[PDB]
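S.K.: Curious how this folds, go ahead:
(chains A, B, C, D, E and F, ligands or ions: 2)
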Amino acid sequence: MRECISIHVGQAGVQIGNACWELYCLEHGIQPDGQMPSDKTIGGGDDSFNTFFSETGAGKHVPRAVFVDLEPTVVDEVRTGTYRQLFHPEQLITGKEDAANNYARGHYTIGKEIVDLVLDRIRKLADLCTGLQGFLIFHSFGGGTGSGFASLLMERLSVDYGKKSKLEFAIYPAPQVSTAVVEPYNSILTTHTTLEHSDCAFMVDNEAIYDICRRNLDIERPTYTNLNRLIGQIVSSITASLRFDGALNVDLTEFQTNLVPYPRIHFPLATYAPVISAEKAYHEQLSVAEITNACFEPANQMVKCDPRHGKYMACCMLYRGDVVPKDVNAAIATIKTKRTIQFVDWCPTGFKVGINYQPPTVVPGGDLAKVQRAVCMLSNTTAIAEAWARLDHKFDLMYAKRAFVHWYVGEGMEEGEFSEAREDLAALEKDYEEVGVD
Amino acid sequence: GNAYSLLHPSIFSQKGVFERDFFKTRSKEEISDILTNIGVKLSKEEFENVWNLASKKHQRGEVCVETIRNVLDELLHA
Amino acid sequence: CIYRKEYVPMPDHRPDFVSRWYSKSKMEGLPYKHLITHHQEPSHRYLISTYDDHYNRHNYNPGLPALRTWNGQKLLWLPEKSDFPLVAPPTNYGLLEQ
Amino acid sequence: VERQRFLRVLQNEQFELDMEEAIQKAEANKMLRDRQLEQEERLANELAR
Amino acid sequence: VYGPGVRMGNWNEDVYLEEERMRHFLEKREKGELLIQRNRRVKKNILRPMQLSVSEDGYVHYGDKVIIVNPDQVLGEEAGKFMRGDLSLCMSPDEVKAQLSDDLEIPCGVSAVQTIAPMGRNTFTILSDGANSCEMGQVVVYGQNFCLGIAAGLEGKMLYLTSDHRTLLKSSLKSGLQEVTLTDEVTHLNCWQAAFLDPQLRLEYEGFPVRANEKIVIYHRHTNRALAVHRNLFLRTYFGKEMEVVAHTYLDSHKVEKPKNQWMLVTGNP
Amino acid sequence: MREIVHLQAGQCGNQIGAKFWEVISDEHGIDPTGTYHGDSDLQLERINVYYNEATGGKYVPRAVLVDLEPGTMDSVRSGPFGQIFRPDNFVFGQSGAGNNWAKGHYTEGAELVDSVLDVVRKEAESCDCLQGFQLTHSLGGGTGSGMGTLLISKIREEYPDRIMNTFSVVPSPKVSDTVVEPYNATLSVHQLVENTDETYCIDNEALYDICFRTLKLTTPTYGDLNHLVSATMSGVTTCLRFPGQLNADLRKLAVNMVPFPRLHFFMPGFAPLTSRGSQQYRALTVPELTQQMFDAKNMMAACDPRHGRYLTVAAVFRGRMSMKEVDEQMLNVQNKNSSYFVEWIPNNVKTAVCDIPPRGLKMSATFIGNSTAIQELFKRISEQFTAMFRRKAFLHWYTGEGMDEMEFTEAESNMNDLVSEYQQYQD
Ligand SMILES: Nc1nc2c(ncn2[C@@H]2O[C@H](COP(=O)(O)OP(=O)(O)OP(=O)(O)O)[C@@H](O)[C@H]2O)c(=O)[nH]1
Ligand SMILES: Nc1nc2c(ncn2[C@@H]2O[C@H](COP(=O)(O)OP(=O)(O)OP(=O)(O)O)[C@@H](O)[C@H]2O)c(=O)[nH]1
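M.R.: Residues are numbered from 1 along each chain as shown, chains lettered A, B, ... in the order given. Ligands and ions are numbered 1, 2, ... in the order given. See the structure here:
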């Protein structure tokens, strides 16, 4: 049937993995114990949770996700949390050693003796599954342990399972903020390894996420509780079609086909329009028109790219809530009449609509608004090549003065693989330029 | 009163009845008959209990038109 | 710690469903299907067959025979038949009951 | 189960929604117009007296 | 940008359209035609609280109105979703057909609910087989044939518990076992026999009066099976969720019948 | 006797057939459960053209539902009339479509055509003698286009002596949602042209205009749009089931509309569409329908034939009419626009009168049109095809499935041949 398996690598992906599952248990009303009230939804494990949880004859909802980590601090502490009884113990893949921000350590030193264990989980997750459309991979480009460890496993799961989708979600490196100077090393290393195997990589940047917080949400001092909630809301919206129906139902398989124009480049951008404070929701109104302007307002994107410096290829709007096609089709028609939005002449139509009736609900102790009409805007534009153009001119400087190489060559690596990534990258911009040229 | 009460006065104010009449002094049994005359039927037990509470809330102890109607709504809400 | 602080659960947060049902109600208009396209006055039965009327039923009984004489706009023989019979059991032959 | 669940609530709600607004507004208007007018006149006329 | 009182021309036209329908749906339902009026009246009849017979001798007599209950038993090995408490049998009508007609489905389903309060849905009148000239008020005897009837809130028509040898067309919905139904027809399939709790003492207790409020085992005369209720199998019906009730004999390791077919005859409390 | 078996294809056809069948059922007075309430004899007589008889007075529809995604027919089954549809007729797949034309045409179709062919031939043996078949789907409807093109191909050699009625909706010209939609349409239409005999052309945008024009309710439901097309589809079928001096056979009609084999694409037309005042402000007369019947605004199928001219016109009139008003009207209309027809064929009108009105309105009609207004349709899809095929965008999927651009070569060339054919016949 309609199910998938979620993957969360590194401590960077664990607390977002917690938050998403924390969010998920709300709309289904999952008690932290693992069971409903005396009302009956338990059985052979088949209801709205069957696509997400495994609430078998034992009656306990088992999330179909894997948390893999290499440092026991956070994973053991969350194992002392509140929903830990829901979580499977050795599914909470813990580790005793770190990768020291190094891709190779997580890819070579320790990943060998750990991937066999997690593959045992995946196959034993696979056998009970029925359709398993694909996977949900949550990671980070600047992965202290997320980067290297994910890269090997995605190689391993691609080779044995090359007939199903693999969905990638990672925080894009901050273009001007660098919490690590080895971060560019592993980040481009991950990209060149993943371009030929990753199906759909979705990125986001936290700086603009904060920028939203004190612009319209009016929060000058948020936390991960909010940040994880926003992205957890984002993945919830895309998975609402899996949970609920609508006027038309859409799936990740359609998303892949209708979003990626050509091979290699599979990196669109996501944006959520109704981002507003509860009071700013209270004394104003939400409708398709203004939110369409908002989601198409250049400053509402979480990635630092000016759409007027690029051009648009694909756009997907996922209207979750109470909407009618009449105003939507008229509103998007007005958008097509807009001159500033520059689609490429190659695509006359580039709009993928997914209508879902279900209103996006609030979360207890949350900061979101009371939304009746919401949309997730997935788009791909040429204004992103600057990010890799930003990456390389940092990288080329450091490479010539070959900083920190003694660390990497000391642990057994060499210059060739580093050399490979740049023309792999240099291929990307020229392809981006060539596709940019009509 | 303010121009708001002059430009938008209650129905009382068009024809010459005002707040001093509300706050003025009158007697127990007379208003009970008047309350029947104004079309509200009452019981004796309700009369005295209302009378007890009204004197308490007034902080002095008396009968005023506002006091009588206000405690009615209090009981009506109660 | 704030990590445990946001883990503090709370009851009475009931994930309802009613917004489903209103939104669903808006995407079909269930009773409207016989209400969108109904025309003129409601009528439970109106049907009858032309052969039955002209041949079997011998046409409209309550009609006045000489309902045709000098009229208004067309000051001549007119008001005879544009209405046509509609009444009486149309679908009541013996083979149905058997 | 979902089908049978679907039926009543759709029929149910429309019933109560229709009838409740039918009564609520109907009465809510009437006694207010009644009570405010009837009380004022009878109380205020004797105030003159 | 509109809606409350704008009285705009299209808003003018729209508000009418539904309104005559609101009148139209009004008069249709003002005739006592509303579905939930049907449901409430049927529920009103079904949920009518009854008055049970009170046994003065401690025994049971024909014509008595009793509630049949499977008592709560402390079983520590039924792993799964087991339902605690005393379970009383209750007729389970079909939800869809109950909406279409005020008359109960000619055959009716059976169920057991965690309810002890006397009511039309769980009150059963014990009756003779008809073939035996047993008078009303006569004590019931072990090994005798008889019928379990329920007046399901309907004046003049009487429902009798039924069961037949399981076929491929007639079986329990969940377990695929011999189903139990309620029919107004009087057949030999309506013959039932209460058995003493101890199988090793049934022959000793044959021909004896049956005491009030005690553990017994009931058997279908025509099929010779004990009435079974599944405290782990949930059925969804018109009032919510209850437990499956079938006719099958479950024996323990010692060939002794399980807690499942142990049934309580519940008489009125004086 | 002569009967029809229906096929429900594509995910639109799922909402199409659900609305279309209930339109038939309530018209024939059967309760949602299925126990017919005997009130009308002629519908009780002529129910065997579409419905067969189960036990206890239940009229089993002779339709087959096919899809891939469980949720759709589950919603259809959970509809008010799902109980009148058969789980036997619920054939489907265990795969998500991807809404790829080739997968449903080569990959997913392979393992499902066997079962569906068994179902239809069992249904074919269930009934005696068919006029033919009709299909509800979309030309731009990915899973429907993939299955339909396969099934219409196979049923051709199966029964090349029947009626291959087709009912497909044209996607919105301004936006197709699906970006590979013009590929799917071009793929489908290349198979449609040679395999079909009848085709209804329907577009959603014109329906939205009708919503704005006469419906005037701002926000309809897609089911209301389903209700409109089903009413039009019902009207043409009223000929067969109902008596009255009108020759009902589509073959009667088909030879009357079709001068040349390539003419398969036809546009519908419907009769009184009524607004708020006009349910009680309309003097219902045969004249006043006609200008509304012959209203470019009333036209709903593709576009205005004002840009072109009229090849064949055929309208079926439902209600208590007579031979003369349609006659003098037919005289009136040809007088109004004599040159707008073709000197090729005079007297290009084919009229039928159904004496049995519908339930709710008395004097109604339906129209089917074959005018020279389809050029805008496939000329539009032509530039779209040339645009993407210029740089073969979104092509790697079909090659991964096993398709090539070299197949696309004749599909447009066949389509280009149709461009001249419609042009040359008229211009
Ligand atoms: N995804 C995610 N990133 C965070 C969070 N908080 C801070 N970050 C940023 O995400 C990055 C985490 O990447 P890494 O340090 O490589 O994580 P890792 O590979 O799992 O291994 P560690 O070095 O032990 O953290 C840090 O550089 C932070 O700047 C969070 O909650 N989630
Ligand atoms: N059922 C339905 N279909 C719609 C609606 N609006 C537009 N459509 C179109 O009708 C077409 C026909 O559906 P199908 O033939 O079943 O399409 P499919 O093969 O499942 O795959 P897609 O065409 O890509 O959706 C779809 O492609 C939709 O684009 C609607 O409101 N309901």
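S.K.: can you map out the helices along chain D?
M.R.: For chain D, the helices defined by DSSP state H cover D:2-48.
S.K.: Just want the residue of it that's nearest chain C.
M.R.: Nearest residue of chain D to chain C, counting by C-beta to the nearest C-beta: residue D:9, 5.5 Å away. Where you see a C-beta, it was placed from the backbone N, CA and C, and this is true even at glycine.
S.K.: Quick one: residues contacting that residue.
M.R.: C:18, C:21 (C-beta atoms under 8 Å, 6 or more residues apart in numbering or on different chains).
S.K.: number of nearby residues for residue A:123?
M.R.: Close neighbours of residue A:123, defined as other C-beta atoms under 10 Å in any protein chain shown, add up to 11.
S.K.: brain fart, residue F:63
M.R.: Counted with other C-beta under 10 Å, the neighbours of residue F:63 add up to 23.
S.K.: residue contacts, it?
M.R.: Residue F:63 neighbours (C-beta under 8 Å, 6+ apart): F:5-8, F:17, F:21, F:85, F:89.
S.K.: That one pairs with what?
M.R.: Per DSSP bridges, the residues bridged to residue F:63 are residue F:6.
S.K.: which residues of the stretch 1-150 of chain E fall in strands?
M.R.: E:65-70, E:87-92, E:107-113, E:124-128, E:146-150 (DSSP state E, counting those that start in this stretch).
S.K.: Can you name every helix or strand that the last one contacts?
M.R.: Packed against strand E:146-150, as judged by 3 or more C-beta pairs under 8 Å, 6 or more residues apart in numbering or on different chains; DSSP states H and E, are the following elements: strand E:124-128, strand E:159-163, strand E:192-196.
S.K.: measure the closest residue to residue A:61 other than its chain neighbours to residue D:34 for me?
M.R.: Nearest residue to residue A:61, sequence neighbours excluded (C-beta to C-beta, 6 or more residues apart in numbering or on different chains): residue A:53, at 3.7 Å. Distance, residue A:53 to residue D:34, by C-beta to C-beta, to the nearest Å: 58 Å.
S.K.: Over to residue A:66?
M.R.: Distance, residue A:66 to residue D:34, using C-beta to C-beta: 69 Å.
S.K.: and if you look at residue F:45?
M.R.: Per C-beta to C-beta, residue F:45 is found 62 Å from residue D:34.
S.K.: Looking at those two, which is more packed in?
M.R.: More neighbours surround residue F:45 than the other of residue F:45 and residue D:34, with 15 against 10 (other C-beta under 10 Å).
S.K.: thinking again about what came up before, what phi and what psi does the backbone show at the residue nearest to residue A:61?
M.R.: The phi and psi values for residue A:53, taken as degrees, to the nearest 10, are phi -100, psi 170.
S.K.: now swap in residue A:68 and tell me
M.R.: Main-chain torsions, residue A:68, degrees, to the nearest 10: phi -110, psi 130.
S.K.: Counting neighbours, what do you get for it?
M.R.: Residue A:68 has 28 neighbours, counted by other C-beta under 10 Å.
S.K.: residue contacts, it?
M.R.: By C-beta under 8 Å, 6+ apart, the contact set of residue A:68 is A:7-10, A:93, A:95, A:114, A:118, A:149, A:153.
S.K.: Okay, and which of the residues you listed map to strands?
M.R.: Among the contacts of residue A:68, DSSP state E puts A:7-9, A:93 in strands.
S.K.: Do any residues in stretch A:177-190 lie close to ligand 1?
M.R.: Yes - Stretch A:177-190 is in contact with ligand 1 by C-beta under 6 Å from any ligand atom, via residue A:179.
S.K.: For residue E:36, the count of nearby residues, please.
M.R.: Residue E:36, neighbours per other C-beta under 10 Å, totals 15.
S.K.: Give me the distance between it and residue D:13.
M.R.: Taking C-beta to C-beta, one finds residue E:36 at 11 Å from residue D:13.
S.K.: where's residue F:137, which helix or strand?
M.R.: strand F:129-138 (DSSP states H and E).
S.K.: meant to ask about residue E:254, not that
M.R.: Judged by DSSP H and E, residue E:254 forms part of no helix or strand.
S.K.: Where do the helices of chain E begin and end?
M.R.: With DSSP H, the ranges of helices along chain E come out as E:9-30, E:35-46, E:95-100, E:202-205.
S.K.: quick one: contacts for the residue nearest the centre of chain C?
M.R.: For chain C, the residue nearest the mean C-alpha position is residue C:38 (5.1 Å; C-alpha atoms, centre = their mean). Shown in contact with residue C:38 (C-beta under 8 Å, 6+ apart): F:360-361.
S.K.: thinking again about what came up before, just among the contacts of residue A:68, which is most surrounded?
M.R.: residue A:9 (31 neighbours).
S.K.: That residue bridge partners, please.
M.R.: Applying DSSP bridges to residue A:9 gives these bridge partners: residue A:68.
S.K.: roughly how far apart are it and residue A:102?
M.R.: Residue A:9 is 15 Å from residue A:102, by C-beta to C-beta.
S.K.: what does residue E:121 give?
M.R.: Relative to residue A:102, and taking C-beta to C-beta, residue E:121 is found at 71 Å.
S.K.: which residue sits closest to residue A:31, ignoring its sequence neighbours?
M.R.: That would be residue A:37: by C-beta to C-beta, 6+ apart, it lies 7.6 Å from residue A:31.
S.K.: Likewise for residue E:170?
M.R.: Closest residue to residue E:170 apart from its sequence neighbours, by C-beta to C-beta, 6+ apart: residue E:179 at 6.0 Å.
S.K.: can you count the residues close to the one you found?
M.R.: 22.
S.K.: Just to check, it is in contact with residue E:171?
M.R.: Yes - under the criterion of C-beta atoms under 8 Å, residue E:179 makes contact with residue E:171 at 5.9 Å.
S.K.: In JSON lines: the ones in strands among the contacts of residue A:68, plus distance to residue C:96.
M.R.: JSON lines is the format used below for those (distance: C-beta to C-beta, whole Å):
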{"residue": "A:7", "distance to residue C:96": "67"}
{"residue": "A:8", "distance to residue C:96": "70"}
{"residue": "A:9", "distance to residue C:96": "74"}
{"residue": "A:93", "distance to residue C:96": "74"}
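S.K.: which one of those sits closest to residue F:210?
M.R.: residue A:7 (49.6 Å; C-beta to C-beta).
S.K.: Give me the secondary structure label for the residue nearest to residue A:31.
M.R.: Per DSSP: H, G, I helix; E, B strand; the rest coil, the local secondary structure of residue A:37 is coil.
S.K.: quick one: it from residue C:11, how far?
M.R.: Per C-beta to C-beta, residue A:37 is found 10 Å from residue C:11.
S.K.: now, which of the contacts of residue A:68 sits nearest ligand 1?
M.R.: Distances from ligand 1 to the contacts of residue A:68, taken as C-beta to the nearest ligand atom, are shortest for residue A:10 (2.5 Å).
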